[PDB]
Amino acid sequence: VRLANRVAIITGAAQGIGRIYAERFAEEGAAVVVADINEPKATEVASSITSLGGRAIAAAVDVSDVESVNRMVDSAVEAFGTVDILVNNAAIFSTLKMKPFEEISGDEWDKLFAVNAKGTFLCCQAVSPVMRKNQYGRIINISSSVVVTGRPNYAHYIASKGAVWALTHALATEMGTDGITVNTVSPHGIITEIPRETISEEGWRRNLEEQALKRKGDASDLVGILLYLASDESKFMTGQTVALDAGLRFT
């Protein structure tokens, strides 16, 4: 019952790690808004959660569109009365083609920033009035290990997550006046059901040599820190970045 009587919006929750956040948050008592651009798949996640005794709705959202984001929050409040937790998990990543940064058009740069950076910003704006009204909130933004490691062939993705990482600092200051916390989780090496071109064979060989724990990650490696950050007991932690990376890097 780690999240009993709390309401969480998770963007990008129709698949991958965000789906696991939604399922586990609902197992821990949260009423979950499964928010995704893919409404049928988000409905499949929410229906799976409800059929197991949890509370969940699906909400279609384009996080790059301000009125879609506002409608998503409206749907959360209409269903569950409030929003306690926002996890800004939606991102363009799995669909990326690896390419040298010279080959990234300005259009591809902008389109990825619109979801990854602007979209996180817009969602934070949309939950701000409800969290300030209740003088309570947990915002969890999502960066990536590649921000610190600067891995090749994803330079726009890396820059967009750098924007999210810095945004957390600004929002922790501005929203902390109402007790709201804002933190960043930086995952590394998490394998899900969604295939991706992110890490190659030579890329995993390098990662395992650099990691302190010599293994790949999975979703269960992230759920714990998300539960901590979303829960009442993280009340004193804000403006921090927490890396879940098997010691790929040290802090």
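One-based numbering along the sequence shown.
Visitor: When the Cα temperature factors in the entry are averaged, is it 123 to 131 or 163 to 171 that ends up higher?
Guide: Comparing averages over the C-alpha atoms only gives 123 to 131.
Visitor: Averaging C-alpha B-factors over each stretch, which comes out higher, 209 to 217 or 182 to 190?
Guide: Higher of the two, by average CA B-factor, is 209 to 217.
Visitor: Just grab whichever of 26, 57, 63, 222 has the top CA B-factor as deposited.
Guide: The C-alpha B-factor peaks, among 26, 57, 63, 222, at 57.
Visitor: Quick check on the deposited entry: does the C-alpha B-factor of residue 14 sit in the lowest, middle or highest third of its chain?
Guide: CA B-factor rank for residue 14: highest third.
Visitor: Hey, what third does residue 244 fall into on Cα B-factor, ranked over its chain?
Guide: Lowest third, going by the recorded CA B-factors of the chain.
Visitor: Consider only the C-alpha atoms of the modelled residues in this chain, order them by B-factor as the entry records it, and name the third containing residue 137: lowest, middle or highest.
Guide: Residue 137: CA B-factor falls in the lowest third of its chain.
Visitor: Can you tell me whether residue 90 has a C-alpha B-factor in the lowest, middle or highest third compared with the other modelled residues of the same chain?
Guide: For residue 90, whose C-alpha B-factor we compare with every modelled residue in the chain, the answer is the lowest third.
Visitor: How does residue 99 rank on Cα B-factor within its chain, lowest, middle or highest third?
Guide: It belongs to the highest third of the chain when residues are ordered by C-alpha B-factor.
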